[PDB]
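Participant: Pasting a structure below so you can have a look.
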Amino acid sequence: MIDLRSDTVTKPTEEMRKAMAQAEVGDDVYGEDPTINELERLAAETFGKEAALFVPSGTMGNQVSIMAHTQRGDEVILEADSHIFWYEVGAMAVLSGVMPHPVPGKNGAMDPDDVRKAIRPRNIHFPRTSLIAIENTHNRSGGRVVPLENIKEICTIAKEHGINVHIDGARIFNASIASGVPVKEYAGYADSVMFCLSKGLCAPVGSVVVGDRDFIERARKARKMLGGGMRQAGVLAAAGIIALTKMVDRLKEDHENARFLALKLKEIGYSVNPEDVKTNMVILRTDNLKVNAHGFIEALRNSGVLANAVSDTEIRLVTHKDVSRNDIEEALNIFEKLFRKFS
Amino acid sequence: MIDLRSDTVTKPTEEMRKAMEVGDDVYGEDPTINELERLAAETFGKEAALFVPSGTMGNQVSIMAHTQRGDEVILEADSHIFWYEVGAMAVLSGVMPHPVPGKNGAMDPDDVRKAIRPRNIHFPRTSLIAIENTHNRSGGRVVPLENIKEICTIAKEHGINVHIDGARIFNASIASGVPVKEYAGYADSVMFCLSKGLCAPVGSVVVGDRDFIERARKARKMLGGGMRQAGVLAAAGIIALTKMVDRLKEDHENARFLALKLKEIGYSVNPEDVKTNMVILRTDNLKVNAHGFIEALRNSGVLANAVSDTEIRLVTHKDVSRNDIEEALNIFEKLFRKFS
Amino acid sequence: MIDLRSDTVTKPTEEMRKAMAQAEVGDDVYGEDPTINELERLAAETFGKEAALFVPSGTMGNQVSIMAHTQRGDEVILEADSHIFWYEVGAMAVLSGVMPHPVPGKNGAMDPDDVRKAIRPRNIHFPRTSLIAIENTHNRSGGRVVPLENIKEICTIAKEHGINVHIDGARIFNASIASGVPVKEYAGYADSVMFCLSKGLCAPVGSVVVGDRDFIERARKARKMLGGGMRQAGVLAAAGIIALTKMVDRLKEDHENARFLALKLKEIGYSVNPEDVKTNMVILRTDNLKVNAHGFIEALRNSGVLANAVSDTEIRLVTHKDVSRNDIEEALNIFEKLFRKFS
Amino acid sequence: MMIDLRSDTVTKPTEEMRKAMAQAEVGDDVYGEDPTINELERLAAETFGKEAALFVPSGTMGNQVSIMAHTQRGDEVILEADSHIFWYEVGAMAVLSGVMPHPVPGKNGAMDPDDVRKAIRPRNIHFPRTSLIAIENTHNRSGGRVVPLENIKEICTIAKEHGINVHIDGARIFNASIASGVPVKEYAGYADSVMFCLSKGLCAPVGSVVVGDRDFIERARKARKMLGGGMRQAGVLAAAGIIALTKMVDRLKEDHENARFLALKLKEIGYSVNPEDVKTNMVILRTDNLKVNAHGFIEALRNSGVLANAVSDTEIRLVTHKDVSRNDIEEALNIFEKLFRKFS
Ligand SMILES: [Ca+2]
Ligand SMILES: [Ca+2]
Ligand SMILES: [Ca+2]
Ligand SMILES: [Ca+2]
Ligand SMILES: [Ca+2]
Ligand SMILES: [Ca+2]
Ligand code: NA
Ligand code: NA
């Protein structure tokens, strides 16, 4: 089918499948897997950091980072619509015993003044603000790119207060492709960065956390506690190396396809705003249709297109490697036919 | 000094000092604690009650008794549980707060409904909604009974518990005319303070169903609130609950007078917003910010707390007489000349 | 009834009642209660430490100490039969996220070599051992006194590893009166000590934690989090000062009464060991009786004597200010009658 | 290269596994759409006679999500005093679940049922609630010892009477089964949940599986999401797991035969080992009759081409697995014989 549900559904490339088959492995618990070691070395190098740690998921990447940055009772400033707050099962409270301090943002960009104001003064009644998290290409807002200046401004505030900064860069390469800002530049204004290998980059499993050597050592211990300490994970790391080193540039194609899809959907008559499409996500409202988002998703599935409803009136369409321009053209033919039925 | 920092500074009345029969509460044998809890449960129309050393403990054992690890707790964005309880909900219960904006403590029921998490693997389970009555941060504002009723209805629909942080619920009752028993009927649990406007030296009480209170009592033991001959404290608590409620009206009168007169001097206050024992004073029209003005106030005989860089909270209580208020106003008058 | 269940049942003396009624108080949250401040000053001085913190209970005292000494995932070495492990509702795991590491002891004295062996090596699989707790006048062994030499040897081991030492001194003054070792000497070989005011010292409520200034500041914030931050607690502190300054010497009376009780129980024929009784507790075994401990407790209760069973064959008898020699004599007459019935 | 007797975790994928992983049919497991993971879980559930199963990236995660699903904050978990959950899982039970471990000493990994019974907390405000009893099968620390089915049966009876959950840390449960002749479904029949590893003796590169009732597995799956074990196209890993379960269990007998040979021969040389205690893939060697300690002996073995781990200042653990052949065992033995001349 034509899967526009998310970029998480990307499948391994033929190059990845071959590398997994001949991957050199070892027990990572002993630090003896050569491929995992190389993946971490490459990731550290790529983001200009001292060290890196491979994890089974972006969620674990964010959570081990929070654990490594905080102490029980601490508070973590984060954007009110960020993944760490909305889609990580309340893990920060259970695993680290910390409280989130949601700060509103405009498409992922928290006003530097609101962030500075959310920092807790030193008082017996108050938690200690020890971490500030920023999400780049903010998911909930529709894959928007957080301006480099916003990140730089918040980094300055953090520095003045002795507060750590973590960038949830699950889709940081999409941000870099859209903005022209190198990932090293983003990373320089953060103490840690988590980036996904299993979304737009097409690896089957995993993410990576990069940061200072001492922070990574603490995160590695947290990873062991959480259950992310695998054995011969080099099989996964082999695909990860290809994802990191060879699948970044083509993300531009996903952006082009998302924009083309949006422009054409608007032409048909669907409620979409092509001007809001900055990366690989398109938000489709169903207010003008005879059925709501849930009913329209079912009609789409019957015609060969998969998508998710994110509310009763909104559907999200996400492009990726496994959605070609031909697939986009085919999907548009289907959307055209469904508009005749449901407008 | 003229202490306007909080109503927590109230000292025991002579009758409280004399009242302060005991036993070991761990064995449930302190008769005065037992009578205090019996009286509290009766007053709020609940099955059981639990004495605790502080309102923070009262709120926290209630959260522990209402939730499981990983749950989410809907609460007002400027509520005490979120801002002034040291992140205890995350450490003690492993729960995540889900702040919802409110207008003077009143969360729009529709916003509360939208904050409830659907059943999905990525989401915590919303198991509790907390409402703070006479919302501190907004100036000791009274949350409308209709707001609480509506939220209770939503909670019922979804099978979610409701906890009322009633640290100053009697102040609310006195101002609104709504009996505390009526407020409590729309909640599963209520925590109310004995150590603030009611003048007891120590403690608060949590009221609710018998099974919830049993869970809260075990949580209290875990937290370290299981005392021995606490009847010494309970004796003052009974007097606070049974003899000190009516006079809260005097604190409201003094707060309103203070606010009215401060407005006349020229300070940035809103006398029409003052319905209980608190006055929010803004410093945007002064030459110094809240922290600087608090220091000046201290040097002239007046104690108050800054609640932000531009806001000061003034609180009245039994130990601040009308004469004290008049004396404070003379001081505020002099300081307006200096910093305006 | 004649209460031998625990020394927690002690009621305030007339002196304490007057002091509580006349207590000079203030708001302790602002550090303004003069009586709490004097009690803490006196407590610190008495234990030879720079700071102290009054708490509502010994459990809170131990738990805030654990919170202030550890970080999530740490391990706490403690005696296998200690109160922190058995009677504190699993608080160490919930509040501090730490693991207990039980070590056997002989009457509360953990073999120093066993303690050194229980310290975890630096390995990703292992928690960090950051605290060693020692209980003085170890309850479960029968109110036994831990030798100063034992604490001294453990202190040296702790210093070598950079590990903190906490003494659960709930009944430390009973230990001091029996051994002749000043409480400041026991405390000199520990980082922190918690002692109770509400047991043998007769105060109605509370305990105190003593230690270094930084540690106490962290313990004070932990106390706020747990809910032990009270307002005009000077009412309780007034009785606390009398407990500390005027009720220590008379503990020797409780020790004398416990010894007399044990000797006479042995004379009657009960299975007791007077040679093991050096403080205010007597362990009585029901081995030679036609009933188990629980059934014996019931028989005692029906005859006017209260006590607790500590196992299916052992019951604990505890003396205190509120059980006089006359009461011990009357209890013995009852014990004599019951021995004829169940022996 | 060196003879690695450090652990069975070092097993490398077989040629068949490598091909199945690279060519695995995958999908997004978060949506429950990876066909290979789904088949691995179906097969695992069936093998253990349970309704459901959950793939996890490690045995530690398997145990921890099970503890999370079986307990509430403040609960106590009875477990053997030398078990992996207590010693080698980074204190995770306290941090993740807020539960207290209640160690019960065991005899060769087996806790006496009456000691388990006595460890259950009475209902009292001072005591945590005992909600889970964990049993480790082929108990590692004692030397890969096999816990009898009757021990597990008796504990199950006690747990049922008290309404307590039972979890089997079956990291090496197939080793127990091969040695005892007891099908794994029989061990599992006396437990609410069982975690078993695919990445040790079964030779898969990554992961373990938890089996149990549908509702428990659903709760464990949500715990897995929270801990970060919710992967995407994990079918790549599951492909090797299916082969581990279907083709690598019977040969564990070879690992046991190799360990028995190793022990018998080490005894003949003069080392302090007990061949009579060796029934699975582990041999405990004490250094009591050597003029060196445990760590020093490990260093000497390393210098001679043999890798092992010290588990005490006087104990070393030798583990056999697919990647150590009988010829490798003979080589190690010949070296052990000589190093016996140097250190005795
Ligand atoms: Ca993927
Ligand atoms: Ca007061
Ligand atoms: Ca007492
Ligand atoms: Ca007499
Ligand atoms: Ca392996
Ligand atoms: Ca050979
Ligand atoms: Na911590
Ligand atoms: Na729970």
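Going through the structure tokens in order, the chains are called A, B, and so on, while each chain numbers its residues from 1 and the ligands are numbered from 1 in the order shown.
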Select the residues contacting ligand 2 at a distance of at most 8 Å, based on only C-alpha atoms and all ligand atoms, then format the selection as JSON, numbers by chain.
Facilitator: {"B": [7, 8, 9, 10, 11, 12, 194, 195, 196, 197, 198, 199, 200, 201, 202], "C": [27, 231, 232]}
Participant: Could you give me the residues within segment 126-259 of chain D that DSSP places in strand (DSSP E), as a list in words?
Facilitator: residues 130, 131, 132, 133, 134, 135, 136, 165, 166, 167, 168, 169, 170, 193, 194, 195, 196, 197, 208, 209, 210, 211 and 212 of chain D
Participant: Could the residues in this selection be saved with C-alpha atoms as a short mmCIF file (atom, residue, chain, number, x, y, z; two decimals), in the first residue's frame?
Facilitator:
data_model
loop_
_atom_site.label_atom_id
_atom_site.label_comp_id
_atom_site.auth_asym_id
_atom_site.auth_seq_id
_atom_site.Cartn_x
_atom_site.Cartn_y
_atom_site.Cartn_z
CA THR D 130 4.49 -8.81 48.86
CA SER D 131 3.15 -8.91 45.30
CA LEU D 132 5.72 -10.97 43.43
CA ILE D 133 7.98 -13.99 43.91
CA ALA D 134 10.75 -14.45 41.34
CA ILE D 135 12.53 -17.74 40.68
CA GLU D 136 15.64 -18.00 38.53
CA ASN D 165 2.32 -13.32 41.23
CA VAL D 166 5.15 -15.64 40.23
CA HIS D 167 7.80 -14.72 37.66
CA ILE D 168 10.47 -17.08 36.37
CA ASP D 169 13.70 -15.51 35.25
CA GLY D 170 14.26 -18.23 32.69
CA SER D 193 5.22 -15.00 33.58
CA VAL D 194 8.55 -16.29 32.30
CA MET D 195 11.37 -14.36 30.65
CA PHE D 196 13.79 -16.35 28.49
CA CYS D 197 16.90 -15.27 26.57
CA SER D 208 14.72 -12.11 24.98
CA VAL D 209 11.01 -12.82 25.25
CA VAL D 210 8.49 -12.59 28.05
CA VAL D 211 5.52 -14.97 28.00
CA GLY D 212 2.30 -14.81 30.02
#
Participant: Which residues are near segment 282-290 of chain D? Cut-off 6 Å, only C-alpha atoms, ignore same chain within fewer than 2 positions. Put them as a ChimeraX atom specification.
Facilitator: /D:143-144,272-273,280,292,314-319,343-344
Participant: Just the selected residues (C-alpha atoms), exported as a CSV table (one decimal), in the first residue's frame, please.
Facilitator:
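Everything below was put into result-v2.csv:
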chain,number,residue,atom,x,y,z
D,143,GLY,CA,26.9,-22.6,38.7
D,144,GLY,CA,24.0,-22.9,36.3
D,272,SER,CA,38.8,-27.3,43.3
D,273,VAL,CA,35.8,-28.1,41.2
D,280,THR,CA,24.3,-27.5,32.5
D,292,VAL,CA,47.0,-16.9,43.6
D,314,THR,CA,38.1,-17.1,45.2
D,315,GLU,CA,35.7,-18.1,42.5
D,316,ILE,CA,35.9,-18.2,38.7
D,317,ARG,CA,33.0,-19.2,36.4
D,318,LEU,CA,33.6,-21.1,33.2
D,319,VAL,CA,30.8,-21.1,30.6
D,343,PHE,CA,50.2,-21.8,40.9
D,344,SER,CA,49.9,-24.9,43.1
Participant: Select residues of chain C: the criterion is any atom within 12 Å of an atom of chain D, counting only C-alpha atoms; output as a compact mmCIF listing (two decimals) with N, CA, C and O atoms, in the first residue's frame.
Facilitator:
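Ended up saving to out_8.txt:
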# COMPACT_ATOMS: atom_id res chain seq x y z
N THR C 59 11.23 7.46 61.10
CA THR C 59 11.18 6.96 59.73
C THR C 59 11.53 8.12 58.80
O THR C 59 12.35 7.97 57.90
N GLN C 71 21.76 8.86 45.37
CA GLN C 71 21.21 9.23 44.07
C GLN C 71 20.48 7.98 43.58
O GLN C 71 20.76 6.87 44.03
N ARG C 72 19.54 8.16 42.65
CA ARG C 72 18.77 7.04 42.12
C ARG C 72 19.65 5.89 41.65
O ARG C 72 20.66 6.11 40.99
N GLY C 73 19.24 4.67 41.98
CA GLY C 73 19.98 3.50 41.57
C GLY C 73 21.11 3.11 42.51
O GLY C 73 21.75 2.08 42.29
N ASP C 74 21.37 3.91 43.53
CA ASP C 74 22.43 3.57 44.47
C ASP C 74 22.02 2.39 45.34
O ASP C 74 20.85 1.98 45.36
N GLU C 75 22.99 1.85 46.07
CA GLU C 75 22.71 0.75 46.97
C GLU C 75 23.09 1.20 48.39
O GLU C 75 24.03 1.97 48.56
N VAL C 76 22.33 0.74 49.38
CA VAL C 76 22.58 1.08 50.78
C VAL C 76 22.84 -0.21 51.55
O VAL C 76 21.97 -1.07 51.64
N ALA C 80 20.89 -6.98 58.07
CA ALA C 80 19.77 -7.81 57.60
C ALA C 80 18.47 -7.75 58.38
O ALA C 80 17.38 -7.98 57.83
N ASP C 81 18.57 -7.44 59.67
CA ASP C 81 17.40 -7.34 60.54
C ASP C 81 17.15 -5.91 61.01
O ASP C 81 16.52 -5.71 62.04
N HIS C 83 15.69 -1.91 61.11
CA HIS C 83 14.41 -1.22 60.96
C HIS C 83 14.21 -0.60 59.59
O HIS C 83 13.11 -0.67 59.03
N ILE C 84 15.25 0.00 59.02
CA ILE C 84 15.12 0.62 57.71
C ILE C 84 14.66 -0.39 56.67
O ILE C 84 13.90 -0.05 55.75
N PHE C 85 15.11 -1.63 56.81
CA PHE C 85 14.72 -2.68 55.87
C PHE C 85 13.36 -3.30 56.19
O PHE C 85 12.53 -3.49 55.30
N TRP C 86 13.12 -3.61 57.46
CA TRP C 86 11.87 -4.27 57.85
C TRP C 86 10.62 -3.47 58.18
O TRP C 86 9.51 -3.90 57.88
N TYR C 87 10.79 -2.31 58.81
CA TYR C 87 9.65 -1.54 59.28
C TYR C 87 9.41 -0.15 58.71
O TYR C 87 8.70 0.65 59.32
N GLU C 88 10.00 0.15 57.56
CA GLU C 88 9.79 1.47 56.99
C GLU C 88 9.09 1.51 55.63
O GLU C 88 9.43 2.30 54.74
N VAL C 89 8.12 0.61 55.49
CA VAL C 89 7.23 0.54 54.34
C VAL C 89 7.85 0.56 52.96
O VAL C 89 7.21 1.02 52.01
N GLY C 90 9.09 0.08 52.84
CA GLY C 90 9.75 0.08 51.55
C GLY C 90 10.05 1.48 51.04
O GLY C 90 10.26 1.67 49.84
N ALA C 91 10.06 2.45 51.96
CA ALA C 91 10.31 3.84 51.62
C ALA C 91 11.61 4.11 50.86
O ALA C 91 11.66 4.95 49.97
N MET C 92 12.67 3.38 51.19
CA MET C 92 13.92 3.64 50.52
C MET C 92 13.84 3.45 49.00
O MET C 92 14.44 4.22 48.24
N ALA C 93 13.06 2.47 48.55
CA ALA C 93 12.91 2.22 47.12
C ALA C 93 12.03 3.27 46.45
O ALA C 93 12.34 3.74 45.36
N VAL C 94 10.93 3.63 47.09
CA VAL C 94 10.01 4.61 46.53
C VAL C 94 10.53 6.04 46.53
O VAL C 94 10.50 6.73 45.52
N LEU C 95 11.02 6.48 47.68
CA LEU C 95 11.49 7.85 47.82
C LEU C 95 12.85 8.16 47.21
O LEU C 95 13.03 9.21 46.59
N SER C 96 13.80 7.25 47.39
CA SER C 96 15.15 7.46 46.89
C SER C 96 15.56 6.60 45.70
O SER C 96 16.61 6.83 45.11
N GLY C 97 14.73 5.61 45.35
CA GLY C 97 15.07 4.74 44.24
C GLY C 97 16.34 3.94 44.49
O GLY C 97 17.10 3.66 43.56
N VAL C 98 16.59 3.59 45.75
CA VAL C 98 17.79 2.83 46.08
C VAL C 98 17.48 1.40 46.51
O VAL C 98 16.37 1.10 46.94
N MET C 99 18.48 0.53 46.36
CA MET C 99 18.37 -0.88 46.72
C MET C 99 19.00 -1.18 48.07
O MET C 99 20.07 -0.68 48.37
N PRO C 100 18.34 -2.00 48.90
CA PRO C 100 18.98 -2.30 50.18
C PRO C 100 19.94 -3.46 49.88
O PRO C 100 19.68 -4.25 48.97
N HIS C 101 21.05 -3.54 50.60
CA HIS C 101 21.99 -4.64 50.41
C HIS C 101 22.19 -5.19 51.82
O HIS C 101 23.09 -4.76 52.54
N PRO C 102 21.34 -6.13 52.23
CA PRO C 102 21.40 -6.74 53.56
C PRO C 102 22.69 -7.50 53.82
O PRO C 102 23.19 -8.24 52.96
N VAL C 103 23.21 -7.31 55.03
CA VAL C 103 24.43 -7.97 55.48
C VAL C 103 24.10 -8.52 56.86
O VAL C 103 23.61 -7.80 57.73
N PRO C 104 24.37 -9.81 57.08
CA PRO C 104 24.08 -10.40 58.38
C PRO C 104 24.91 -9.71 59.45
O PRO C 104 25.96 -9.15 59.16
N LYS C 117 33.08 -6.61 51.75
CA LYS C 117 32.73 -7.50 50.64
C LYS C 117 31.43 -7.13 49.94
O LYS C 117 31.27 -7.43 48.75
N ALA C 118 30.52 -6.47 50.65
CA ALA C 118 29.22 -6.08 50.08
C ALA C 118 29.28 -4.81 49.23
O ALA C 118 28.31 -4.46 48.54
N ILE C 119 30.39 -4.09 49.30
CA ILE C 119 30.55 -2.87 48.52
C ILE C 119 30.70 -3.32 47.07
O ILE C 119 31.49 -4.20 46.77
N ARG C 120 29.92 -2.71 46.19
CA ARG C 120 29.94 -3.09 44.78
C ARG C 120 31.13 -2.56 44.00
O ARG C 120 31.52 -1.40 44.15
N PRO C 121 31.74 -3.40 43.16
CA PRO C 121 32.88 -2.92 42.37
C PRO C 121 32.30 -1.98 41.33
O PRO C 121 31.08 -1.94 41.14
N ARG C 122 33.17 -1.25 40.64
CA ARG C 122 32.70 -0.36 39.60
C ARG C 122 32.45 -1.22 38.37
O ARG C 122 33.39 -1.69 37.73
N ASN C 123 31.17 -1.45 38.06
CA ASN C 123 30.79 -2.24 36.91
C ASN C 123 29.42 -1.76 36.46
O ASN C 123 28.58 -1.41 37.29
N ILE C 124 29.20 -1.73 35.16
CA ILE C 124 27.94 -1.23 34.62
C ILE C 124 26.72 -1.98 35.16
O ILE C 124 25.64 -1.40 35.28
N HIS C 125 26.89 -3.26 35.51
CA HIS C 125 25.79 -4.08 36.03
C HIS C 125 25.40 -3.75 37.46
O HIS C 125 24.28 -4.07 37.89
N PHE C 126 26.31 -3.12 38.19
CA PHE C 126 26.10 -2.84 39.61
C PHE C 126 25.76 -1.43 40.06
O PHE C 126 26.26 -0.46 39.51
N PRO C 127 24.91 -1.31 41.08
CA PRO C 127 24.56 0.02 41.57
C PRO C 127 25.80 0.50 42.33
O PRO C 127 26.67 -0.31 42.68
N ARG C 128 25.88 1.80 42.59
CA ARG C 128 26.99 2.35 43.35
C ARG C 128 26.65 2.28 44.83
O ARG C 128 25.57 2.72 45.24
N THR C 129 27.54 1.73 45.64
CA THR C 129 27.30 1.66 47.08
C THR C 129 27.69 3.04 47.59
O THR C 129 28.87 3.40 47.57
N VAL C 310 7.20 -11.12 67.95
CA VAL C 310 8.14 -10.72 66.91
C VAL C 310 8.42 -11.87 65.94
O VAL C 310 9.09 -11.69 64.93
N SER C 311 7.90 -13.05 66.28
CA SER C 311 8.03 -14.22 65.43
C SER C 311 7.00 -15.21 65.94
O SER C 311 6.23 -14.89 66.85
N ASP C 312 6.95 -16.40 65.37
CA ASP C 312 5.97 -17.34 65.85
C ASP C 312 6.36 -17.99 67.18
O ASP C 312 5.54 -18.65 67.81
Participant: Residues of chain C no more than 8 Å from chain B, counting only C-alpha atoms: send them over as a count of residues only.
Facilitator: 39
Participant: I'd like to know which of D:60, D:327, D:175, D:233 is closest to ligand 1, using only C-alpha atoms and all ligand atoms.
Facilitator: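 When distances to ligand 1 are compared using only C-alpha atoms and all ligand atoms, the smallest one comes from D:233.
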Participant: Could you name the residues that touch residue 135 of chain A at 9 Å or less, counting only C-alpha atoms, but leaving out those on the same chain fewer than 5 positions away, as a PyMOL selection string?
Facilitator: chain A and resi 78-79+82-84+108-109+146+166-172
Participant: Take the residues just selected and output them with C-alpha atoms as an mmCIF file, in the first residue's frame.
Facilitator:
data_model
loop_
_atom_site.group_PDB
_atom_site.id
_atom_site.type_symbol
_atom_site.label_atom_id
_atom_site.label_comp_id
_atom_site.auth_asym_id
_atom_site.auth_seq_id
_atom_site.Cartn_x
_atom_site.Cartn_y
_atom_site.Cartn_z
ATOM 1 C CA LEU A 78 10.333 21.592 27.614
ATOM 2 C CA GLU A 79 7.960 22.798 24.898
ATOM 3 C CA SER A 82 6.944 18.168 22.627
ATOM 4 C CA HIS A 83 7.269 14.405 22.182
ATOM 5 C CA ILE A 84 8.970 13.947 25.579
ATOM 6 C CA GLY A 108 8.488 24.331 18.609
ATOM 7 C CA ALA A 109 10.134 27.658 19.363
ATOM 8 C CA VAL A 146 13.071 25.606 15.093
ATOM 9 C CA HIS A 166 19.158 18.554 25.375
ATOM 10 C CA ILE A 167 18.022 18.625 21.782
ATOM 11 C CA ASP A 168 15.452 16.006 20.859
ATOM 12 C CA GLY A 169 16.775 15.698 17.324
ATOM 13 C CA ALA A 170 14.736 12.694 16.232
ATOM 14 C CA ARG A 171 14.435 14.509 12.888
ATOM 15 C CA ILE A 172 17.379 16.895 13.227
#
Participant: Which chains and residue numbers are within 6 Å of ligand 5, counting only C-alpha atoms and all ligand atoms, if I want them as a list in words?
Facilitator: residues 9, 10, 11, 12, 199, 200, 203, 204 and 205 of chain D
Participant: Those selected residues, please, written with N, CA and C atoms and delivered as a PDB file, in the first residue's frame.
Facilitator:
ATOM      1  N   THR D   9      26.968 -15.439  26.397  1.00  0.00           N
ATOM      2  CA  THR D   9      26.456 -14.248  25.716  1.00  0.00           C
ATOM      3  C   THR D   9      27.284 -13.915  24.473  1.00  0.00           C
ATOM      4  N   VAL D  10      28.502 -14.452  24.398  1.00  0.00           N
ATOM      5  CA  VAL D  10      29.381 -14.155  23.271  1.00  0.00           C
ATOM      6  C   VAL D  10      29.114 -14.968  22.018  1.00  0.00           C
ATOM      7  N   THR D  11      28.097 -15.821  22.059  1.00  0.00           N
ATOM      8  CA  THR D  11      27.769 -16.629  20.893  1.00  0.00           C
ATOM      9  C   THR D  11      27.483 -15.715  19.707  1.00  0.00           C
ATOM     10  N   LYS D  12      28.011 -16.092  18.546  1.00  0.00           N
ATOM     11  CA  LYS D  12      27.806 -15.324  17.324  1.00  0.00           C
ATOM     12  C   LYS D  12      26.744 -16.009  16.468  1.00  0.00           C
ATOM     13  N   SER D 199      19.608 -14.680  23.242  1.00  0.00           N
ATOM     14  CA  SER D 199      20.974 -14.266  22.956  1.00  0.00           C
ATOM     15  C   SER D 199      22.135 -14.900  23.703  1.00  0.00           C
ATOM     16  N   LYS D 200      21.860 -15.966  24.437  1.00  0.00           N
ATOM     17  CA  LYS D 200      22.920 -16.652  25.147  1.00  0.00           C
ATOM     18  C   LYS D 200      23.177 -17.967  24.441  1.00  0.00           C
ATOM     19  N   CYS D 203      22.178 -18.659  20.768  1.00  0.00           N
ATOM     20  CA  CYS D 203      22.958 -17.974  19.736  1.00  0.00           C
ATOM     21  C   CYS D 203      22.411 -16.792  18.950  1.00  0.00           C
ATOM     22  N   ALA D 204      21.256 -16.266  19.330  1.00  0.00           N
ATOM     23  CA  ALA D 204      20.736 -15.099  18.617  1.00  0.00           C
ATOM     24  C   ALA D 204      21.584 -13.893  19.039  1.00  0.00           C
ATOM     25  N   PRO D 205      21.737 -12.898  18.155  1.00  0.00           N
ATOM     26  CA  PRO D 205      22.536 -11.713  18.487  1.00  0.00           C
ATOM     27  C   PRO D 205      21.922 -10.801  19.544  1.00  0.00           C
TER      28      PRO D 205
END
Participant: Run DSSP on the backbone and give me the residues of segment 256-313 of chain A it puts in alpha helix (DSSP H), as a list in words.
Facilitator: residues 256, 257, 258, 259, 260, 261, 262, 263, 264, 265, 266, 267, 268, 293, 294, 295, 296, 297, 298, 299, 300, 301, 302 and 303 of chain A
Participant: Nearest residue to ligand 1 out of D:299, D:44, D:36, D:232, using only C-alpha atoms and all ligand atoms?
Facilitator: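 Under the stated criterion, the closest residue is D:232.
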Participant: To check your reading of the model: which residues sit at most 6 Å from ligand 8 when counting only C-alpha atoms and all ligand atoms? Write the answer as an NGL selection string.
Facilitator: (:B and (68-69)) or (:D and (72-73))
Participant: Residues of the last selection are to be written out with N, CA, C and O atoms, as a compact mmCIF listing (two decimals), in the first residue's frame.
Facilitator:
# COMPACT_ATOMS: atom_id res chain seq x y z
N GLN B 68 -1.28 5.47 40.25
CA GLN B 68 -0.30 4.40 40.07
C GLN B 68 0.85 5.02 39.27
O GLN B 68 0.67 6.03 38.59
N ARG B 69 2.03 4.41 39.35
CA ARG B 69 3.19 4.93 38.64
C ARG B 69 2.93 5.12 37.15
O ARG B 69 2.36 4.25 36.50
N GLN D 72 3.15 -2.73 42.29
CA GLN D 72 2.78 -1.34 42.51
C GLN D 72 3.90 -0.74 43.38
O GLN D 72 4.60 -1.48 44.06
N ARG D 73 4.06 0.58 43.35
CA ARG D 73 5.12 1.23 44.11
C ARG D 73 5.00 0.86 45.58
O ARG D 73 3.90 0.84 46.15
Participant: Write as a list in words the residues around ligand 4, taking 7 Å as the cut-off and counting only C-alpha atoms and all ligand atoms.
Facilitator: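 Checking only C-alpha atoms and all ligand atoms against ligand 4 at 7 Å gives residues 325, 326 and 329 of chain C.
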Participant: If you measure from atom CA of residue 284 of chain A to atom CA of residue 33 of chain D, what distance in Å do you get, rounded to one decimal?
Facilitator: 24.6 Å
Participant: So which one's closest to chain D, B:170, B:123, B:83, B:267? Using only C-alpha atoms, please.
Facilitator: B:123
Participant: Find the residue from D:71, D:293, D:304, D:320 that sits nearest to chain B; use only C-alpha atoms when measuring.
Facilitator: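 Under the stated criterion, the closest residue is D:71.
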Participant: To check your reading of the model: which residues sit at most 12 Å from ligand 6 when counting only C-alpha atoms and all ligand atoms? Write the answer as JSON, numbers by chain.
Facilitator: {"D": [325, 326, 327, 328, 329, 330, 331, 332, 333, 334, 335]}
Participant: Given the choices D:122, D:237, D:38, D:230, which gets closest to chain B if the distance is worked out from only C-alpha atoms?
Facilitator: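 Smallest separation from chain B among the options: D:230.
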